[PDB]
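Working notes, structure below.
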Amino acid sequence: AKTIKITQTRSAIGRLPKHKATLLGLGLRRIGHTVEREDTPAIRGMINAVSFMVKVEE
Amino acid sequence: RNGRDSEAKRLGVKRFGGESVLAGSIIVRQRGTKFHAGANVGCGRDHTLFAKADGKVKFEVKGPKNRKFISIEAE
RNA sequence: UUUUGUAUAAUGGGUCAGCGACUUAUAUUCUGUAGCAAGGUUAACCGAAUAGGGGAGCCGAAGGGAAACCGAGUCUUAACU
RNA sequence: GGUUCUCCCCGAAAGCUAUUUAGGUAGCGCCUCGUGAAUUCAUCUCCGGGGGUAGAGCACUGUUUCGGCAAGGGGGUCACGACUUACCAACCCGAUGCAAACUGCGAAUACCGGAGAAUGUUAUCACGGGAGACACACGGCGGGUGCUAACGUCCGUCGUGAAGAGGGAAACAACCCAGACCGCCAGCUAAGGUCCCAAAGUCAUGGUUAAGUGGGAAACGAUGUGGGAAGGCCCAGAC
RNA sequence: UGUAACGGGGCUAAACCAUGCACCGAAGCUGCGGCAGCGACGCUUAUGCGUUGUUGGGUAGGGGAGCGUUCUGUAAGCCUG
RNA sequence: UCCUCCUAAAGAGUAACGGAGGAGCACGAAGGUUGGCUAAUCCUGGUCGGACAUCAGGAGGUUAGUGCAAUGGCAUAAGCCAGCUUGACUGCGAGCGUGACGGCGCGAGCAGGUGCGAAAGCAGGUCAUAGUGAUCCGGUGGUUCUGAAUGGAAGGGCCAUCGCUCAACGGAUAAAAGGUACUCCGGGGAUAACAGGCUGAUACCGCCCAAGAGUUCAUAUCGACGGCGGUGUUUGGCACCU
RNA sequence: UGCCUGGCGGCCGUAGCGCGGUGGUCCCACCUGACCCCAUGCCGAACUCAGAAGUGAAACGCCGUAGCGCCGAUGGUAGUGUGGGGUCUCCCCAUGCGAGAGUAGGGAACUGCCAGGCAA
């Protein structure tokens, strides 16, 4: 719907395959990398899955 | 004096509710009849349930004993 | 070097120089490249000869069946929805 | 056992099945290169699914404690009638438990199918050429085995090592942070740290500790000390 | 064998609990310079890119591209008392 | 080798010299169809007869039964009885499950010809899951398919079928046991024996509770029934180092 | 349109059991006979045929009753995915999902088609 911005704050080395897929599906590649997406229940679910390693602001 | 076992027979549900199947495809492999054949579903000699028509498979509970049935609707 | 794992107190080497290990022949399959193309190519041999002759032969364009046999069909079957 | 020049790209496995087979080998799984293909595939949301695991429960299969009613059984009064009991006790009823090989119940996850947006160098599948590997190890979680012993052994799933340097845990493959294309006497951070060795707070506020606790260890013992909720007796005067 | 159960000095806060603001801290991230692979697009079309995004730890192993040595032709040419 | 349950962590699969049990069949009917029927265990009455034979009624609703161990299933019964029968049939087979493969399993439907029923319909063995062995070689019956000059035949091929506890059950031969301290070679700390290491069951030592003994009195001295620790001094486990 | 009745279903225990009441105008059941159709591993029991006298006893349908079965919250608890922590053979924190049993309560059904009688 609206503008939403996400940043990666933790490494993705010792993480489960589902988490790595979620980061890959979100576009994040490296720590500190900022990605630009749109608000959406599907997108919100992805953030909640890996909320421990990403920071989201609107 | 133990140590003997039998090769696993790989039973169980092969096709789950809400997915289309072709005629003659195996839906459930079972020893007894945990699921009973419904509409457009046939029962084999070994109690295998297979599709007699093409369509979507669904599960339901019917009868006075609340026994589970598998049906197919042409969709 | 060998191992899940070696500074390991596991193996090998005192040092220097020299030598020292995936080759060769004939077949078969795949890839690249070159020639020709429903055609492609000769072997032995002949040859004042790396030329030119030599098409014996091999591979390919048609397959199916155990086979006879049939043939863009064939086999299966008394016969195929 | 050994196998000799350089650079660039990708990058494993120590599994399954079979084997006079177990330290070999073959097919498959995993790797690589080429060719051809469908929003093929992955993550998330929603929808359609079947479970019998955790937990729970005791209807069932077993096991277990207590109380009652108590058929029935023994001794005793009787004259084929019949009766009592200080004594044994079935089946049931009420309450309490236990179970990998119990289920009248039943998750979270995982798995299969469908629709949808974004994202990803087609990450997917099929065919062809070439492989290696089939001794795994530790850590977390769920277990069998052992002594809920072993850096023990045997499975499931994820991570790391193997095949990954760097920082941290004094030193310490497998633990925590984090994936090194090269150069810079540039900056900001992660785990972990900031009195000195040794980079950074002898920083601020409110408490605790007297033991060098911190900086190994239990049952159990004790007017150590701090806080909280109460309770009995108390200037008709308590200890 | 020697303190030897904070790494040591040493510490009564330089210990522990709660809150907060600072700083240090890696080859992580950012800044600057350089190299190479891969996919796109604006355009060069056997190659640079005014570009764009991303990738570049690595054993067994697979793929690609190169250096150097001896000898043959080019070469009775060229260098050399 | 094969079958059932658990381990197995709610799809499938999943190891151990982990915990429990079974199979190497049977049946021309115990198969097909049509028609009909519905247990175990208790209570009461009744000759032998008795707790437990058979009869009648009642509660019960499957604790019964299902040829064979276990699991799942079974009232439309797959359980029990009777009539008629041979579909325990031939040629196929869309489409699926399961395996590395060899292979194994399920199957609507089509053609031919049958059985049961008035008929719709059911029948390609058995409630299902074990009852099994590749290839080679050779035997028996059918079939001009072939049959090396010709016509035959022999021998092959095709179809049906027969001969292995080849049980070490993917079966190395049709055919095979021991000793070596007289020993040898290639390897391994992938694997034992001495020592180290990890662990601490066991052992040794210490402590907690306290029944009791000790002239009475648990704790002068011992201290059963039980419990919690330390040491790495025994006997052990593991196989990390050589 | 309503009280009823029979058949075929949907739905399947809030629908099933126990106790009491209620029904014969039709329908239903019981009931008479069975030489013939048909059957008893003996029996008109059951099945079948010819009938309708009698009856609502039994069975069946309806009503009432909670005495049982059954259904069942809210809250809490157990467990659990992901990420952290601990005096780590077991637990705790943040977030997501969230039972089973029990409790309050509900509860002695609802509904479609056809056919027949009475009143309309």
Side-chain angles (χ1 to χ4, degrees):
Chain A
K2 299 290 97 175
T3 303
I4 190 164
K5 185 183 286 185
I6 297 169
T7 302
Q8 183 173 347
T9 70
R10 298 217 83 71
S11 181
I13 287 166
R15 298 284 178 266
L16 298 155
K18 260 206 181 73
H19 294 329
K20 277 163 98 68
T22 310
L23 280 188
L24 187 153
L26 271 167
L28 299 165
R29 320 179 161 276
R30 59 194 92 70
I31 288 163
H33 183 218
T34 187
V35 65
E36 182 65 26
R37 304 270 163 273
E38 69 275 16
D39 198 293
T40 300
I43 297 290
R44 299 290 297 166
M46 286 197 240
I47 312 162
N48 189 358
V50 288
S51 65
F52 64 90
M53 76 195 308
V54 306
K55 186 180 289 293
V56 59
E57 57 260 30
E58 303 168 8
Chain B
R1 68 180 65 252
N2 304 311
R4 296 170 303 287
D5 213 351
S6 57
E7 190 276 331
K9 291 312 193 258
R10 291 131 175 81
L11 306 167
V13 185
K14 304 289 159 187
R15 292 313 218 290
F16 294 89
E19 79 188 71
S20 80
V21 298
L22 295 170
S25 66
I26 307 303
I27 296 145
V28 168
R29 285 270 306 290
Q30 46 179 7
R31 286 276 81 87
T33 68
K34 291 174 70 175
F35 314 89
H36 292 263
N40 302 124
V41 171
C43 199
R45 59 170 296 284
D46 71 354
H47 308 123
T48 299
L49 275 66
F50 60 95
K52 305 228 292 185
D54 291 331
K56 299 298 293 295
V57 65
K58 67 182 290 294
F59 297 71
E60 69 275 16
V61 177
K62 291 174 70 175
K65 292 181 181 179
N66 300 305
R67 42 186 57 211
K68 294 181 176 67
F69 279 87
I70 290 148
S71 296
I72 297 169
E73 69 275 16
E75 304 299 321

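Heavy atoms only: backbone and side chains are in, while hydrogens, waters and symmetry mates are out. In what follows, every chain begins at residue 1, and chains take the letters A, B, ... in the order their sequences are listed.
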| request: Using the rule that two of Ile, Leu, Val, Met, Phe, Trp, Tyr join whenever any of their side-chain heavy atoms come within less than 4.5 Å, decide whether B:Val13 and B:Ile26 are in one cluster. | output: no
Tell me whether the sugar of [N] sits north or south, going by the sign of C1'-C2'-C3'-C4' (positive is north, negative is south).
| N | value |
| --- | --- |
| F:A30 | south |
| G:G102 | north |
| E:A27 | south |
| F:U76 | south |
| F:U86 | south |

Could you let me know what [N] is paired to, Watson-Crick or G-U wobble, both distances under 3.5 Å, or none if it's on its own?
| N | answer |
| --- | --- |
| C:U23 | none |
| D:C44 | D:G116 |
| C:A49 | none |
| G:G105 | G:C71 |

Side chain of [X] only, please: which of [options] is the nearest?
| X | options | value |
| --- | --- | --- |
| A:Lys18 | D:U43, F:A108, D:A118 | D:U43 |
| B:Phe35 | D:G51, F:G73, D:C44 | D:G51 |
| B:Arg4 | D:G159, G:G83, F:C2 | F:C2 |
| A:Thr22 | D:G51, G:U82, D:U43 | D:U43 |
| A:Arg30 | F:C96, F:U4, E:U55 | E:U55 |
| B:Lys52 | D:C177, D:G52, F:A108 | F:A108 |
| B:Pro64 | G:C12, D:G179, F:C96 | G:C12 |
| A:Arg10 | D:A190, D:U45, D:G50 | D:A190 |
| A:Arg15 | F:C96, G:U82, D:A178 | D:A178 |
| B:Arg10 | D:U119, F:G99, F:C96 | F:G99 |

Would you measure the distance from the [atom1] atom in [N] across to the matching atom in [M] and give it in whole Å?
| N | M | atom1 | value |
| --- | --- | --- | --- |
| F:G36 | F:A160 | P | 44 Å |
| D:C91 | D:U65 | P | 14 Å |
| F:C48 | F:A53 | P | 13 Å |

| Does B:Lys56 reach the main-chain N or O of B:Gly18 with its side chain, forming a donor-acceptor pair under 3.5 Å? | yes
| query | If only atom types and distance count, is the side chain of B:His36 paired as donor or acceptor with the main-chain N or O of B:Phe69 below 3.5 Å? | reply | no
| Salt bridge present between A:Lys55 and A:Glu57 (N-O < 4.0 angstrom) | no
| said: I want to confirm an ordering. Mapping B:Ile26 and B:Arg67 to their closest nucleotides on RNA chain F, which one lands closer to the 5' end? | reply: B:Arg67
| field | First encountered from the 5' end of RNA chain F, between B:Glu7 and B:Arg1 | value | B:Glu7
Is there a side-chain polar atom (N or O) of [X] under 4.0 Å from OP1 or OP2 of [N]?
| X | N | value |
| --- | --- | --- |
| B:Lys9 | F:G13 | no |
| B:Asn2 | F:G18 | no |
| B:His47 | F:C74 | no |

Rounding to a whole Å, what distance do you find between [X]:[atom1] and [N]:[atom2]?
| X | N | atom1 | atom2 | answer |
| --- | --- | --- | --- | --- |
| A:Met46 | D:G116 | CE | P | 16 Å |
| B:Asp5 | F:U7 | CG | P | 12 Å |
| B:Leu22 | F:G109 | CG | P | 17 Å |
| A:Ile31 | E:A27 | CD1 | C1' | 14 Å |

| query | Is there a side-chain contact between A:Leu26 and A:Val35 (heavy atoms, below 4.5 Å)? | reply | no
| Spacing of B:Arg1 atom CZ and B:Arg4 atom CZ [to the nearest 0.5 Å] | 8.5 Å
| query | Any chance NZ of B:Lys9 has more than 12 other-residue heavy atoms, nucleotides or ligands included, within less than 6.0 Å? | reply | yes
| request: Check every strand shown and say whether B:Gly17 touches a base, only sugar-phosphate, or nothing at a heavy-atom separation below 4.0 Å. | output: base
